[PDB]
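With CSV, C-alpha atoms inside, this is start07.csv:
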chain,number,residue,atom,x,y,z
A,6,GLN,CA,0.8,-34.0,-4.9
A,7,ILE,CA,3.8,-33.5,-2.5
A,8,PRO,CA,7.0,-34.8,-4.2
A,9,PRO,CA,8.8,-37.8,-2.6
A,10,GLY,CA,11.3,-36.9,0.1
A,11,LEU,CA,10.1,-33.3,0.7
A,12,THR,CA,8.3,-33.9,4.1
A,13,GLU,CA,11.3,-36.0,5.4
A,14,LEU,CA,13.6,-33.2,4.4
A,15,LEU,CA,11.5,-30.6,6.3
A,16,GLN,CA,11.3,-32.9,9.4
A,17,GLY,CA,15.0,-33.2,9.6
A,18,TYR,CA,15.4,-29.4,9.6
A,19,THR,CA,12.6,-29.2,12.2
A,20,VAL,CA,14.0,-31.7,14.7
A,21,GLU,CA,17.3,-29.8,14.7
A,22,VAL,CA,15.6,-26.3,15.0
A,23,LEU,CA,13.9,-27.8,18.1
A,24,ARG,CA,17.0,-29.3,19.5
A,25,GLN,CA,19.5,-26.5,18.7
A,26,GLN,CA,17.1,-23.6,19.2
A,27,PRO,CA,19.0,-21.3,16.8
A,28,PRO,CA,18.0,-17.6,17.1
A,29,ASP,CA,17.7,-17.0,13.3
A,30,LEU,CA,15.6,-19.7,11.5
A,31,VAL,CA,16.6,-18.4,8.1
A,32,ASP,CA,20.4,-18.4,8.8
A,33,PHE,CA,20.0,-21.9,10.3
A,34,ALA,CA,18.2,-23.2,7.1
A,35,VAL,CA,21.1,-22.1,4.9
A,36,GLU,CA,23.6,-23.6,7.4
A,37,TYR,CA,21.7,-26.8,8.0
A,38,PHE,CA,21.0,-27.7,4.3
A,39,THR,CA,24.6,-26.8,3.4
A,40,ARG,CA,25.7,-29.4,5.9
A,41,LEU,CA,23.1,-31.9,4.7
A,42,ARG,CA,24.4,-31.5,1.2
A,43,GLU,CA,28.0,-32.2,2.4
A,44,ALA,CA,26.8,-35.2,4.4
A,45,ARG,CA,25.1,-36.6,1.3
A,46,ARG,CA,28.3,-36.1,-0.8
A,47,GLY,CA,30.3,-38.0,1.8
A,48,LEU,CA,27.7,-40.8,1.7
A,49,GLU,CA,27.8,-40.9,-2.1
A,50,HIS,CA,31.7,-40.9,-2.2
A,51,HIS,CA,31.7,-43.8,0.3
B,5,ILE,CA,5.9,-29.6,21.7
B,6,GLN,CA,5.8,-26.0,20.5
B,7,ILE,CA,6.9,-25.2,17.0
B,8,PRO,CA,8.8,-21.9,17.2
B,9,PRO,CA,7.4,-18.7,15.7
B,10,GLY,CA,7.8,-18.5,11.9
B,11,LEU,CA,9.0,-22.1,11.3
B,12,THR,CA,5.7,-23.2,9.7
B,13,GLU,CA,5.7,-20.2,7.3
B,14,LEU,CA,9.3,-20.9,6.3
B,15,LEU,CA,8.6,-24.5,5.5
B,16,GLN,CA,5.5,-23.6,3.5
B,17,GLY,CA,7.1,-20.9,1.5
B,18,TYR,CA,9.8,-23.4,0.5
B,19,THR,CA,7.0,-26.0,-0.3
B,20,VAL,CA,5.0,-23.7,-2.6
B,21,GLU,CA,8.1,-23.1,-4.7
B,22,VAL,CA,9.0,-26.8,-4.8
B,23,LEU,CA,5.5,-27.4,-6.3
B,24,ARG,CA,5.8,-24.3,-8.6
B,25,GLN,CA,9.4,-24.7,-9.9
B,26,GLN,CA,9.6,-28.5,-9.7
B,27,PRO,CA,13.4,-28.6,-9.0
B,28,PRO,CA,15.4,-31.7,-10.0
B,29,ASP,CA,17.0,-31.8,-6.5
B,30,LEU,CA,15.3,-30.9,-3.2
B,31,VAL,CA,18.4,-30.3,-1.2
B,32,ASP,CA,20.1,-28.1,-3.9
B,33,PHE,CA,16.8,-26.1,-4.1
B,34,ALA,CA,16.7,-25.8,-0.3
B,35,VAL,CA,20.2,-24.2,-0.3
B,36,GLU,CA,19.3,-22.0,-3.2
B,37,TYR,CA,15.9,-21.0,-1.9
B,38,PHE,CA,16.9,-20.1,1.6
B,39,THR,CA,20.0,-18.2,0.4
B,40,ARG,CA,17.9,-16.0,-1.9
B,41,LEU,CA,15.3,-15.6,1.0
B,42,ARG,CA,18.0,-14.4,3.5
B,43,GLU,CA,19.2,-12.0,0.8
B,44,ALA,CA,15.6,-10.8,0.1
B,45,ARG,CA,15.3,-10.2,3.9
B,46,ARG,CA,18.5,-8.1,3.8
B,47,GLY,CA,17.1,-6.1,0.9
B,48,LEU,CA,14.0,-5.3,2.9
B,49,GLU,CA,16.0,-4.3,6.0
B,50,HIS,CA,18.2,-2.0,4.1
B,51,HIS,CA,15.2,-0.3,2.4
C,6,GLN,CA,4.5,-6.0,18.2
C,7,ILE,CA,4.4,-8.1,15.0
C,8,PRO,CA,2.6,-11.4,15.2
C,9,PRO,CA,4.7,-14.6,14.8
C,10,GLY,CA,5.1,-15.7,11.2
C,11,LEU,CA,4.2,-12.3,9.6
C,12,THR,CA,7.7,-11.3,8.5
C,13,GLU,CA,8.5,-14.8,7.3
C,14,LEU,CA,5.3,-14.7,5.2
C,15,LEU,CA,6.3,-11.3,3.7
C,16,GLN,CA,9.8,-12.5,3.0
C,17,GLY,CA,8.6,-15.6,1.1
C,18,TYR,CA,6.4,-13.4,-1.1
C,19,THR,CA,9.3,-10.9,-1.5
C,20,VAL,CA,11.8,-13.5,-2.5
C,21,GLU,CA,9.5,-14.6,-5.3
C,22,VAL,CA,8.8,-11.1,-6.5
C,23,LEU,CA,12.6,-10.7,-6.9
C,24,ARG,CA,13.0,-13.9,-8.8
C,25,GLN,CA,9.9,-14.0,-11.0
C,26,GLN,CA,9.7,-10.2,-11.7
C,27,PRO,CA,5.9,-10.2,-12.1
C,28,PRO,CA,4.3,-7.5,-14.3
C,29,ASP,CA,1.8,-6.7,-11.4
C,30,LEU,CA,2.5,-7.0,-7.7
C,31,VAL,CA,-1.2,-7.2,-6.7
C,32,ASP,CA,-2.0,-10.0,-9.2
C,33,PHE,CA,1.1,-11.8,-8.0
C,34,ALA,CA,0.1,-11.4,-4.3
C,35,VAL,CA,-3.3,-13.0,-5.0
C,36,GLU,CA,-1.7,-15.9,-7.0
C,37,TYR,CA,1.2,-16.3,-4.5
C,38,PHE,CA,-0.8,-16.6,-1.3
C,39,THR,CA,-3.6,-18.6,-3.0
C,40,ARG,CA,-0.9,-21.2,-4.1
C,41,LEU,CA,0.7,-21.0,-0.6
C,42,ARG,CA,-2.6,-22.0,1.0
C,43,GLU,CA,-2.9,-24.9,-1.5
C,44,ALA,CA,0.7,-26.0,-0.7
C,45,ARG,CA,-0.3,-25.9,3.0
C,46,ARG,CA,-3.4,-28.0,2.4
C,47,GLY,CA,-1.3,-30.5,0.3
C,48,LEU,CA,1.2,-30.8,3.2
C,49,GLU,CA,-1.7,-31.4,5.7
C,50,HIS,CA,-3.3,-34.0,3.4
C,51,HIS,CA,0.0,-35.9,3.0
C,52,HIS,CA,0.1,-36.2,6.8
D,5,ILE,CA,19.0,-6.6,-4.9
D,6,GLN,CA,16.6,-3.7,-5.6
D,7,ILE,CA,13.2,-3.9,-4.0
D,8,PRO,CA,10.6,-3.1,-6.8
D,9,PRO,CA,8.7,0.2,-6.8
D,10,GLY,CA,5.5,-0.4,-4.8
D,11,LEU,CA,6.5,-3.6,-2.9
D,12,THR,CA,7.2,-2.1,0.6
D,13,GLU,CA,3.9,-0.2,0.4
D,14,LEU,CA,1.9,-3.4,-0.4
D,15,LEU,CA,3.6,-5.2,2.5
D,16,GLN,CA,3.0,-2.4,5.0
D,17,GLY,CA,-0.6,-2.0,4.0
D,18,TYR,CA,-1.2,-5.7,4.7
D,19,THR,CA,0.8,-5.4,7.9
D,20,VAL,CA,-1.1,-2.4,9.4
D,21,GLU,CA,-4.3,-4.5,8.8
D,22,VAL,CA,-2.9,-7.7,10.5
D,23,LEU,CA,-2.2,-5.4,13.5
D,24,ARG,CA,-5.6,-3.8,13.5
D,25,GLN,CA,-7.7,-6.9,12.8
D,26,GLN,CA,-5.7,-9.7,14.4
D,27,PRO,CA,-6.8,-12.3,11.9
D,28,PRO,CA,-6.9,-16.0,13.2
D,29,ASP,CA,-5.0,-17.0,10.0
D,30,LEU,CA,-2.4,-14.9,8.2
D,31,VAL,CA,-2.5,-16.8,4.9
D,32,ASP,CA,-6.3,-16.7,4.7
D,33,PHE,CA,-6.1,-13.0,5.5
D,34,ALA,CA,-3.4,-12.4,2.8
D,35,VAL,CA,-5.7,-14.1,0.2
D,36,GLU,CA,-8.7,-12.0,1.5
D,37,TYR,CA,-6.8,-8.7,1.8
D,38,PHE,CA,-5.0,-8.7,-1.5
D,39,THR,CA,-8.2,-9.9,-3.3
D,40,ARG,CA,-10.2,-7.0,-1.8
D,41,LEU,CA,-7.3,-4.6,-2.7
D,42,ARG,CA,-7.4,-5.7,-6.4
D,43,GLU,CA,-11.2,-5.1,-6.2
D,44,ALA,CA,-10.6,-1.6,-4.8
D,45,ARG,CA,-8.0,-0.8,-7.5
D,46,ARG,CA,-10.5,-2.0,-10.2
D,47,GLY,CA,-13.1,0.5,-8.8
D,48,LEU,CA,-10.7,3.4,-8.7
D,49,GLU,CA,-9.7,2.6,-12.3
D,50,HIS,CA,-13.4,2.9,-13.4
E,5,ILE,CA,2.7,13.4,-15.3
E,6,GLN,CA,5.3,11.1,-13.6
E,7,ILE,CA,3.7,9.3,-10.6
E,8,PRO,CA,6.4,8.5,-8.0
E,9,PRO,CA,7.1,4.8,-6.9
E,10,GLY,CA,4.6,3.6,-4.3
E,11,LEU,CA,1.9,6.3,-4.5
E,12,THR,CA,-0.7,4.1,-6.2
E,13,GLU,CA,-0.2,1.3,-3.7
E,14,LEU,CA,-0.4,3.7,-0.8
E,15,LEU,CA,-3.8,5.0,-2.1
E,16,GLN,CA,-5.1,1.5,-2.8
E,17,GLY,CA,-4.2,0.5,0.7
E,18,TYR,CA,-6.2,3.4,2.1
E,19,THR,CA,-9.0,2.8,-0.4
E,20,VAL,CA,-9.5,-0.9,0.4
E,21,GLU,CA,-10.0,0.0,4.1
E,22,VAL,CA,-12.4,2.8,3.4
E,23,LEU,CA,-14.5,0.3,1.4
E,24,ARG,CA,-14.1,-2.3,4.2
E,25,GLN,CA,-14.5,-0.2,7.4
E,26,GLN,CA,-17.1,2.3,6.0
E,27,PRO,CA,-15.8,5.1,8.2
E,28,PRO,CA,-18.3,8.0,8.8
E,29,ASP,CA,-15.6,10.6,7.9
E,30,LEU,CA,-13.0,10.0,5.2
E,31,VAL,CA,-10.6,12.8,6.5
E,32,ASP,CA,-10.6,11.5,10.1
E,33,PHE,CA,-10.0,8.0,8.8
E,34,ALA,CA,-7.1,9.2,6.5
E,35,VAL,CA,-5.3,10.8,9.5
E,36,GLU,CA,-6.1,7.6,11.5
E,37,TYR,CA,-5.0,5.1,8.8
E,38,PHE,CA,-1.7,6.8,7.7
E,39,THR,CA,-0.7,7.3,11.4
E,40,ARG,CA,-1.3,3.6,12.0
E,41,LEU,CA,0.6,2.7,8.8
E,42,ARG,CA,3.6,4.7,9.8
E,43,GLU,CA,3.6,3.0,13.3
E,44,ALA,CA,3.3,-0.4,11.6
E,45,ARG,CA,6.3,0.5,9.5
E,46,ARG,CA,8.3,1.6,12.6
E,47,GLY,CA,7.3,-1.8,14.1
E,48,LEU,CA,8.6,-3.7,11.0
E,49,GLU,CA,11.9,-1.8,11.1
E,50,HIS,CA,12.3,-2.4,14.8
E,51,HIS,CA,11.6,-6.2,14.4
E,52,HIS,CA,14.8,-6.3,12.3
F,5,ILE,CA,-17.6,-1.5,-6.7
F,6,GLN,CA,-19.1,1.6,-5.0
F,7,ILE,CA,-16.5,4.2,-4.2
F,8,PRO,CA,-17.9,6.5,-1.5
F,9,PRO,CA,-18.6,10.2,-2.4
F,10,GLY,CA,-15.6,12.4,-2.0
F,11,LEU,CA,-12.9,9.7,-1.8
F,12,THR,CA,-11.4,10.2,-5.3
F,13,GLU,CA,-11.2,14.0,-4.7
F,14,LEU,CA,-9.4,13.3,-1.4
F,15,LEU,CA,-6.8,11.1,-3.2
F,16,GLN,CA,-6.3,13.5,-6.1
F,17,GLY,CA,-5.7,16.4,-3.7
F,18,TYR,CA,-3.0,14.4,-1.8
F,19,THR,CA,-1.6,13.4,-5.2
F,20,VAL,CA,-1.3,16.9,-6.7
F,21,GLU,CA,0.8,17.9,-3.7
F,22,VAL,CA,3.0,14.8,-3.9
F,23,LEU,CA,3.6,15.8,-7.5
F,24,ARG,CA,4.3,19.5,-6.6
F,25,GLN,CA,6.3,19.1,-3.4
F,26,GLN,CA,8.2,15.8,-4.1
F,27,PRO,CA,8.3,14.9,-0.4
F,28,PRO,CA,11.2,12.5,0.7
F,29,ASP,CA,8.6,10.1,2.2
F,30,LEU,CA,5.1,9.4,1.0
F,31,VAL,CA,3.7,8.1,4.3
F,32,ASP,CA,5.1,10.9,6.5
F,33,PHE,CA,3.6,13.4,4.0
F,34,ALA,CA,0.3,11.7,4.0
F,35,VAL,CA,0.1,12.1,7.8
F,36,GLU,CA,1.0,15.8,7.5
F,37,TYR,CA,-1.2,16.6,4.5
F,38,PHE,CA,-4.4,15.0,5.9
F,39,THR,CA,-3.7,16.5,9.4
F,40,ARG,CA,-3.5,19.9,7.7
F,41,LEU,CA,-6.6,19.2,5.5
F,42,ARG,CA,-8.6,18.5,8.7
F,43,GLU,CA,-7.4,21.8,10.2
F,44,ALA,CA,-8.4,23.7,7.0
F,45,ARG,CA,-11.8,22.1,7.2
F,46,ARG,CA,-12.1,23.1,10.9
F,47,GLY,CA,-11.2,26.6,9.8
F,48,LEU,CA,-13.9,26.7,7.1
F,49,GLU,CA,-16.5,25.3,9.5
F,50,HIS,CA,-15.8,27.9,12.2
F,51,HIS,CA,-15.8,30.9,9.8
F,52,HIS,CA,-19.4,29.7,9.1
G,5,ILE,CA,-30.0,21.8,-0.3
G,6,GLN,CA,-27.9,18.9,-1.6
G,7,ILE,CA,-24.2,19.5,-2.1
G,8,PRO,CA,-22.9,17.2,-4.9
G,9,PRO,CA,-20.5,14.3,-4.1
G,10,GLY,CA,-16.9,15.5,-4.0
G,11,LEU,CA,-17.5,19.2,-3.8
G,12,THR,CA,-16.5,20.0,-0.2
G,13,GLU,CA,-13.5,17.6,-0.5
G,14,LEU,CA,-12.5,19.7,-3.6
G,15,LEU,CA,-12.8,23.0,-1.8
G,16,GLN,CA,-11.0,21.8,1.3
G,17,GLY,CA,-8.0,20.6,-0.8
G,18,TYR,CA,-7.8,24.1,-2.4
G,19,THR,CA,-8.1,25.7,1.0
G,20,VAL,CA,-5.4,23.6,2.7
G,21,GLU,CA,-3.0,24.7,-0.1
G,22,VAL,CA,-4.0,28.4,0.3
G,23,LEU,CA,-3.0,28.0,3.9
G,24,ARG,CA,0.3,26.2,3.0
G,25,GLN,CA,1.4,28.4,0.2
G,26,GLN,CA,-0.1,31.8,1.2
G,27,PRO,CA,-0.8,33.1,-2.4
G,28,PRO,CA,-1.4,36.8,-2.3
G,29,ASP,CA,-3.9,36.4,-5.2
G,30,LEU,CA,-6.7,33.8,-4.4
G,31,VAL,CA,-8.0,33.8,-8.0
G,32,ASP,CA,-4.6,33.3,-9.7
G,33,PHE,CA,-3.9,30.4,-7.2
G,34,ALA,CA,-7.3,28.8,-7.9
G,35,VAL,CA,-6.6,28.7,-11.7
G,36,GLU,CA,-3.2,27.1,-10.9
G,37,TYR,CA,-4.3,24.8,-8.3
G,38,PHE,CA,-7.2,23.2,-10.3
G,39,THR,CA,-5.1,23.1,-13.5
G,40,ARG,CA,-2.4,21.2,-11.6
G,41,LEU,CA,-5.1,19.0,-10.0
G,42,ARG,CA,-6.4,18.1,-13.4
G,43,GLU,CA,-2.9,17.3,-14.6
G,44,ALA,CA,-2.4,15.1,-11.5
G,45,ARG,CA,-5.7,13.2,-12.2
G,46,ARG,CA,-4.5,12.6,-15.8
G,47,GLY,CA,-1.2,11.1,-14.4
G,48,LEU,CA,-3.1,8.7,-12.2
G,49,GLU,CA,-5.3,7.7,-15.2
G,50,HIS,CA,-2.4,6.9,-17.5
G,51,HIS,CA,-0.5,4.8,-14.9
H,6,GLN,CA,-7.4,31.8,10.2
H,7,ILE,CA,-9.0,31.7,6.8
H,8,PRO,CA,-7.7,34.5,4.5
H,9,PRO,CA,-10.1,37.4,3.5
H,10,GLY,CA,-12.3,36.6,0.5
H,11,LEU,CA,-11.7,32.9,0.4
H,12,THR,CA,-15.2,31.7,1.5
H,13,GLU,CA,-17.1,34.1,-0.8
H,14,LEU,CA,-14.8,32.8,-3.6
H,15,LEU,CA,-15.8,29.2,-2.9
H,16,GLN,CA,-19.5,30.2,-2.5
H,17,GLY,CA,-19.5,31.8,-6.0
H,18,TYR,CA,-18.1,28.6,-7.5
H,19,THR,CA,-20.5,26.5,-5.5
H,20,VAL,CA,-23.7,28.4,-6.6
H,21,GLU,CA,-22.7,27.7,-10.2
H,22,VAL,CA,-22.0,24.0,-9.6
H,23,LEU,CA,-25.5,23.7,-8.1
H,24,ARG,CA,-27.1,25.5,-11.1
H,25,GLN,CA,-25.1,24.2,-14.1
H,26,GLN,CA,-24.6,20.6,-12.6
H,27,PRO,CA,-21.3,20.3,-14.6
H,28,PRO,CA,-20.4,16.7,-15.5
H,29,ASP,CA,-16.8,17.2,-14.1
H,30,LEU,CA,-16.1,19.4,-11.0
H,31,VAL,CA,-12.4,19.9,-11.7
H,32,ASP,CA,-12.9,20.9,-15.4
H,33,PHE,CA,-15.6,23.3,-14.2
H,34,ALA,CA,-13.2,24.8,-11.5
H,35,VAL,CA,-10.6,25.5,-14.2
H,36,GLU,CA,-13.4,27.0,-16.4
H,37,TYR,CA,-15.1,29.0,-13.6
H,38,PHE,CA,-11.9,30.6,-12.1
H,39,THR,CA,-10.3,31.4,-15.5
H,40,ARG,CA,-13.6,33.2,-16.4
H,41,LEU,CA,-13.7,34.9,-13.0
H,42,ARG,CA,-10.2,36.2,-13.6
H,43,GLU,CA,-11.2,37.5,-17.1
H,44,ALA,CA,-14.2,39.3,-15.5
H,45,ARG,CA,-11.9,40.9,-12.8
H,46,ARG,CA,-9.6,42.2,-15.6
H,47,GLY,CA,-12.6,43.6,-17.4
H,48,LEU,CA,-13.7,45.4,-14.2
H,49,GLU,CA,-10.1,46.8,-13.6
H,50,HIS,CA,-10.2,48.5,-17.1
Encoded form (structure tokens):
Amino acid sequence: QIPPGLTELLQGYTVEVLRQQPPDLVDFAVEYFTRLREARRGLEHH
Amino acid sequence: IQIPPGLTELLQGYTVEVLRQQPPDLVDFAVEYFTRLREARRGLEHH
Amino acid sequence: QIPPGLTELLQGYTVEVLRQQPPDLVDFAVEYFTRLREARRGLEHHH
Amino acid sequence: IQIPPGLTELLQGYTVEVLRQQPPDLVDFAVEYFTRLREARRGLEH
Amino acid sequence: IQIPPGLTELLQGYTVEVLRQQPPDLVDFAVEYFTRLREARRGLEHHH
Amino acid sequence: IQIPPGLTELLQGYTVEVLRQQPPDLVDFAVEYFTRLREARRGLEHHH
Amino acid sequence: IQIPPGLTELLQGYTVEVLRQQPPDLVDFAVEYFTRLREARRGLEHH
Amino acid sequence: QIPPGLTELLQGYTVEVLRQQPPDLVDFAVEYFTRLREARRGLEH
């Protein structure tokens, strides 16, 4: 039982790892999901 | 397509803890989990 | 040279040891990696 | 962040064996390895 | 007595491989196993 | 589980020296101790 | 002539330490070595 | 280079292990060498 939205979340991270090719995958995870959270807050405020 | 080295392990480590801890928000937990992970990594490297 | 995915795997186990503070590291390893494999299978079953 | 007594030793023991044995799957090998290790510890305790 | 941190784990690691690999000589295998362990450690520290 | 003959003695000998000498690094000392044990054994087998 | 399991390993451990510590009295050192060895075994058992 | 007297010391312990078949080799070592030391003291008086 995979919770709703988990695979989409991981695919968004993945498509960007593939495009941006950041050297550190762990650093990029922190940076990417921080930006995602901010994008969501912008969407929710709008 | 080539998934880069270590990506699949990273996603699966996050996934096991989503299933174990059942967080109320997946994005918040993503920021939390990977921050603690990066810090765990620093701990190991300074050991 | 270390195989791809090895350090990521160890770091995921390490981050949980630090958070969960298990009484026994070996018991936790068995539990942890067993659940990780189950999470992997779940992911693969989903799609 | 203090690495618990014994942790690095466990990780290094698993790692030296990945390097020796070149398992086809690291997760399967982690399950198998730490299971055997617990069985070894049990024998040493008896 | 006061067993230092990591000793039991070290010995269990060696032990699990003695049981697995059934080496004909335990002493030879000890030198062999701990030398490889040390080199694995160097490898892990270099990766970072 | 079947522990092979001589293993637990091997581990206890390493252990009594860890407790006595308090080496800075367990793995480094394991290499040194078991290398030296091998030499001692070679000595005993040549005196024969 | 069968040597019991563990005997040569015992003797070699005492011998390596004679070579390390150069006791001038072999018998005094044996009493101390095997008394310390028993203590060490007791430590491993209560851990 | 094995120091003088070491091998005959181990052989004396070994002959008694084979004969007495002690249940614990370490205990017997403490016992055997403590007794050997008492015997030596005896001989020196």
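Straight-line separation from CA of residue 14 in chain E to CA of residue 42 in chain C: 25.9 Å.
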Taking a cut-off of 10 Å and counting all atoms listed in the file, can you build a table that, for each residue of chain F near chain D, reports the nearest atom pair and how far apart they are in Å (one decimal), sorted by chain then residue number, as CSV?
residue,atom,partner,partner_atom,distance
F:5,CA,D:47,CA,5.4
F:6,CA,D:47,CA,7.2
F:7,CA,D:47,CA,6.8
F:11,CA,D:48,CA,9.6
F:12,CA,D:48,CA,7.6
F:30,CA,D:13,CA,9.7
F:31,CA,D:13,CA,9.2
Determine, for each residue of chain C having at least one atom at most 7 Å from an atom of chain B, the closest pair of atoms and their separation in Å to one decimal, counting all atoms listed in the file; order by chain and ascending number, as JSON lines.
{"residue": "C:9", "atom": "CA", "partner": "B:9", "partner_atom": "CA", "distance": 5.0}
{"residue": "C:10", "atom": "CA", "partner": "B:10", "partner_atom": "CA", "distance": 4.0}
{"residue": "C:13", "atom": "CA", "partner": "B:10", "partner_atom": "CA", "distance": 5.9}
{"residue": "C:14", "atom": "CA", "partner": "B:13", "partner_atom": "CA", "distance": 5.9}
{"residue": "C:16", "atom": "CA", "partner": "B:45", "partner_atom": "CA", "distance": 6.0}
{"residue": "C:17", "atom": "CA", "partner": "B:17", "partner_atom": "CA", "distance": 5.5}
{"residue": "C:19", "atom": "CA", "partner": "B:44", "partner_atom": "CA", "distance": 6.5}
{"residue": "C:20", "atom": "CA", "partner": "B:44", "partner_atom": "CA", "distance": 5.3}
{"residue": "C:40", "atom": "CA", "partner": "B:20", "partner_atom": "CA", "distance": 6.6}
{"residue": "C:41", "atom": "CA", "partner": "B:20", "partner_atom": "CA", "distance": 5.5}
{"residue": "C:44", "atom": "CA", "partner": "B:20", "partner_atom": "CA", "distance": 5.2}
{"residue": "C:45", "atom": "CA", "partner": "B:16", "partner_atom": "CA", "distance": 6.3}
Resulting file, chosen residues, C-alpha atoms, as a CSV table (one decimal), in the frame of the given file:
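As a result, part00.csv now contains:
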chain,number,residue,atom,x,y,z
C,9,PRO,CA,4.7,-14.6,14.8
C,10,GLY,CA,5.1,-15.7,11.2
C,13,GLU,CA,8.5,-14.8,7.3
C,14,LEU,CA,5.3,-14.7,5.2
C,16,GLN,CA,9.8,-12.5,3.0
C,17,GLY,CA,8.6,-15.6,1.1
C,19,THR,CA,9.3,-10.9,-1.5
C,20,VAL,CA,11.8,-13.5,-2.5
C,40,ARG,CA,-0.9,-21.2,-4.1
C,41,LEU,CA,0.7,-21.0,-0.6
C,44,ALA,CA,0.7,-26.0,-0.7
C,45,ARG,CA,-0.3,-25.9,3.0
Find the spatial neighbours of residue 44 in chain E, counting only C-alpha atoms, within a cut-off of 7 Å - ignore same-chain residues fewer than 3 positions away - and output them as a PyMOL selection string. (chain D and resi 16+19-20) or (chain E and resi 40-41+47-48)
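CA of residue 7 in chain H is positioned 26.2 Å from CA of residue 39 in chain E.
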After a least-squares fit of chain B on chain G across every C-alpha pair in order, what's the RMSD, to one decimal? 0.3 Å
Least-squares superpose chain E onto chain F - every C-alpha atom, paired in order - and show me the moved coordinates as a compact mmCIF listing (two decimals) with C-alpha atoms, in the coordinates of the input.
# COMPACT_ATOMS: atom_id res chain seq x y z
CA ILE E 5 -17.09 -1.97 -6.28
CA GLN E 6 -19.03 1.17 -5.11
CA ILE E 7 -16.57 4.05 -4.42
CA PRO E 8 -18.05 6.38 -1.77
CA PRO E 9 -18.68 10.18 -2.55
CA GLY E 10 -15.50 12.23 -2.22
CA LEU E 11 -12.81 9.52 -2.09
CA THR E 12 -11.42 10.20 -5.57
CA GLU E 13 -11.19 13.93 -4.91
CA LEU E 14 -9.53 13.35 -1.58
CA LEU E 15 -6.83 11.18 -3.28
CA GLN E 16 -6.36 13.64 -6.14
CA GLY E 17 -5.87 16.39 -3.64
CA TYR E 18 -3.14 14.41 -1.91
CA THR E 19 -1.70 13.30 -5.25
CA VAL E 20 -1.36 16.80 -6.75
CA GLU E 21 0.71 17.87 -3.70
CA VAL E 22 2.93 14.85 -3.78
CA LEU E 23 3.71 15.70 -7.43
CA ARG E 24 4.18 19.39 -6.48
CA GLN E 25 6.10 19.21 -3.15
CA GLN E 26 8.19 16.05 -3.99
CA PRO E 27 8.25 14.96 -0.36
CA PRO E 28 11.10 12.50 0.55
CA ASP E 29 8.60 10.15 2.31
CA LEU E 30 5.08 9.58 1.03
CA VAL E 31 3.77 8.16 4.43
CA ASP E 32 5.09 11.11 6.48
CA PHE E 33 3.59 13.49 3.95
CA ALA E 34 0.17 11.63 4.01
CA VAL E 35 -0.04 12.03 7.84
CA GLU E 36 1.12 15.68 7.38
CA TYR E 37 -1.28 16.55 4.51
CA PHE E 38 -4.51 14.93 5.90
CA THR E 39 -3.85 16.52 9.35
CA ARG E 40 -3.50 19.90 7.66
CA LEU E 41 -6.64 19.25 5.56
CA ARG E 42 -8.70 18.42 8.57
CA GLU E 43 -7.48 21.66 10.34
CA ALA E 44 -8.31 23.64 7.19
CA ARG E 45 -11.77 22.16 7.29
CA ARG E 46 -12.19 23.05 11.02
CA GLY E 47 -11.08 26.59 10.00
CA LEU E 48 -13.75 26.77 7.21
CA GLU E 49 -16.47 25.60 9.61
CA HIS E 50 -15.39 28.05 12.26
CA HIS E 51 -15.38 30.99 9.72
CA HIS E 52 -19.14 30.38 9.40
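Taking CA of residue 46 in chain E and CA of residue 45 in chain F as the two end points, the separation is 29.2 Å.
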Please determine the residues with any atom at most 9 Å from (-27.3, 24.8, -6.7) (coordinates as given in the file, with all atoms listed in the file counting) and report them as a ChimeraX atom specification. /G:5-8 /H:19-26
If we count all atoms listed in the file, what is near residue 38 in chain H at a cut-off of 10 Å, once residues fewer than 4 positions away on the same chain are taken out, given as a PyMOL selection string? (chain G and resi 30-36+38) or (chain H and resi 14+17-18+33-34+42-44)
Please, which residues of chain G lie no more than 10 Å from chain D when the count uses all atoms listed in the file, and can they be set out as a ChimeraX atom specification? /G:48-51
Restrict the distance test to all atoms listed in the file, flag each residue of chain A within 10 Å of chain B, and return the flagged residues as a ChimeraX atom specification. /A:6-12,14-16,18-20,22-23,26,30-42,45
Using all atoms listed in the file, which residues sit within 8 Å of range 31-41 of chain D once same-chain residues fewer than 2 positions away are excluded, as a tab-separated table (two decimals) with C-alpha atoms, in the frame of the given file?
chain	number	residue	atom	x	y	z
C	31	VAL	CA	-1.20	-7.20	-6.70
C	34	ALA	CA	0.10	-11.40	-4.30
C	35	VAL	CA	-3.30	-13.00	-5.00
C	38	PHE	CA	-0.80	-16.60	-1.30
C	39	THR	CA	-3.60	-18.60	-3.00
C	41	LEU	CA	0.70	-21.00	-0.60
C	42	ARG	CA	-2.60	-22.00	1.00
D	18	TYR	CA	-1.20	-5.70	4.70
D	22	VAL	CA	-2.90	-7.70	10.50
D	27	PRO	CA	-6.80	-12.30	11.90
D	29	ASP	CA	-5.00	-17.00	10.00
D	43	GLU	CA	-11.20	-5.10	-6.20
D	44	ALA	CA	-10.60	-1.60	-4.80
D	45	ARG	CA	-8.00	-0.80	-7.50
E	16	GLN	CA	-5.10	1.50	-2.80
E	17	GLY	CA	-4.20	0.50	0.70
E	19	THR	CA	-9.00	2.80	-0.40
E	20	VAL	CA	-9.50	-0.90	0.40
Is it possible to get the axis-aligned box enclosing range 7-18 of chain G (all listed atoms, 8 Å extra per side) as lines of an AutoDock Vina configuration file, with centre and edge lengths in Å rounded to one decimal?
center_x = -16.0
center_y = 19.2
center_z = -1.8
size_x = 32.4
size_y = 25.8
size_z = 22.2
